[PDB]
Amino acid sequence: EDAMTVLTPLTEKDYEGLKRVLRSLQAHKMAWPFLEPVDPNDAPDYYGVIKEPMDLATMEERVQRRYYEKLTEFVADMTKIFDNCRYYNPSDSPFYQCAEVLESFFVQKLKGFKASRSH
């Protein structure tokens, strides 16, 4: 990550961009597994093996409350969603596939956000 991403405080304008990025991911056809916290009734061992769970609704709450101070912190929460999924599930599961697709989409949108900050 470059110096702007790590060190430039998030402004109000930056927060309008983060809201738009998050809404784009929530609207993606392959986002369904990640919209809300993992349901322990459907995976009874999940919370014993994933120590820091994350989901898009938790990220939306954090965005609304201005939790994030730097872009790197927002990217770290998003990345946790995908990394938790690829560690818990095998490489041939549909959950793993959704993580592959949605992370690629996130990177496309994140590059767009970074470009608009600087020009």
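We call the rigid core the largest set of C-alpha positions that still match within 1.5 Å between the two forms. One rule holds for the numbers: they count along the sequence shown, beginning at 1.
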Which stretch is less alike in 8 other deposited structures of this protein, 43 to 51 or 22 to 30, counting RMS CA distance after the rigid core is superposed?
43 to 51
Given the B-factors recorded for C-alpha atoms, which segment has the greater mean, 35 to 43 or 22 to 30?
35 to 43
Looking at the entry, does 107 to 115 or 6 to 14 show the higher mean C-alpha B-factor?
6 to 14
Among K70, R86, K51, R65, where is the Cα temperature factor highest, going by the PDB entry?
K51
